[PDB]
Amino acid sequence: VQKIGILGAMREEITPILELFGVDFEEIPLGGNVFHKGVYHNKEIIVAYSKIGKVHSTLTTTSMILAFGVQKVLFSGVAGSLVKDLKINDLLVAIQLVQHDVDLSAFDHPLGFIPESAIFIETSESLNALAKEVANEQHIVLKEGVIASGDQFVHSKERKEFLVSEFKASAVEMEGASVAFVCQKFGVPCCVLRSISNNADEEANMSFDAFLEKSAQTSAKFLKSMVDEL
């Protein structure tokens, strides 16, 4: 039987996913997270929000894999735009992710890099193609790009520019790279989707609040459409 993990960082990112799938869920508490286990179209789905940031999201991903045996992980949630052509409510699949706050430059390493790892983490080529196929099939605009993930909420042009020049990222968030990383370590196909809710600038906290619902819904509905195709 197929087992799919479905992740958000915040409760508001998973509420619409629980509603849209519509089925009964069993709540299973583990490691401070609540996993919702259900059956949908023959597939077992396990849904949780990690809580914000890289440690919470690493922990939740690793639990989904080791404790619930998921064979794929789909992540949905909101992000800040780093570049002028990514506008509020746009949807983006991350083709590669980076931990933008990693700095071992004292030992001559480039920013983002840790020994025994890589700067850019890859997501699943087959699931990214599925995302593209579903967006096409539905006439949805789906952007692709690099997402930078770090443990700060980015709200300044100074940091925005650094992210774009250093890592060529298009959007910034606090969980994608860690979720993708954990899945690579365990050989689990991963897809990370984000909807834009802010421009990661002085006004980002206001915009984040005004568009959280609409942006979380946009990302949630697309994830469901992918699962309908798996």
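Position 1 is the first residue in the sequence shown; the rest follow in order.
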key: 47-55 versus 33-41 - greater average Cα B-factor per the deposited record   = 33-41
request  = On mean C-alpha B-factor from the PDB entry, just flag whether 3-11 or 220-228 is the higher one.
outcome  = 220-228
remark   = In this crystal structure's PDB entry, the residue among 99, 89, 152, 96 with the greatest CA B factor is 89
inquiry  = Maximum C-alpha temperature factor per the entry, among 141, 111, 82, 146, belongs to which one?
reply    = 141
ask   = Compared with the other modelled residues in the chain, in which third is the CA B-factor of residue 76?
value = middle
Residue 203 CA temperature factor, ranked by third within the chain = highest
ask   = Based on the entry's values, in what third of the chain does the Cα temperature factor of residue 134 lie: lowest, middle or highest?
value = highest
ask   = Taking the entry's C-alpha B-factors for this chain, is residue 173 in the lowest, middle or highest third?
value = lowest
task = Ordered by C-alpha B-factor within the chain, which third holds residue 117? Give me lowest, middle or highest, please.
result = lowest
